[PDB]
């Protein structure tokens, strides 16, 4: 009998390696609204040593961090693109992630897009799908 395994096929060690090594995060869909999940996860990641660049062309600053209108506008290397936007918006952000030389595209709950995941894979990025960075951090490293 096999148990529910994650759709992205990554082991707990694979996720642990990502969470340990890749800490330059572009958090797409960042929001200053305390009720938004993007706000909660951004606050958590900042508390745990992540360098979190908010990405949302609507805002100039989120949680005291300069907020950028695209992943490509960030003046630093970016390792993980952490997605908090609706599925169809993720295609453009994956294209930006590829151009930026990011290593990991991370689909948070309710953001998964098959075509975007396809592009990431073909470009050699790691895909994390239907997981939360905060929940995975709490579970594996907390």
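Numbering follows the first chain given and starts at 1.
- Look at the C-alpha B-factors of 110-118 and of 57-65. On average they run higher in 110-118.
- Stretches 48-56 and 35-43 differ in mean CA B factor, with 35-43 having the higher one.
- Among all modelled residues in its chain, residue 75 ranks in the highest third by Cα B-factor.
- In the PDB entry, a CA B factor belonging to the lowest third of its chain's modelled residues is recorded for residue 25.
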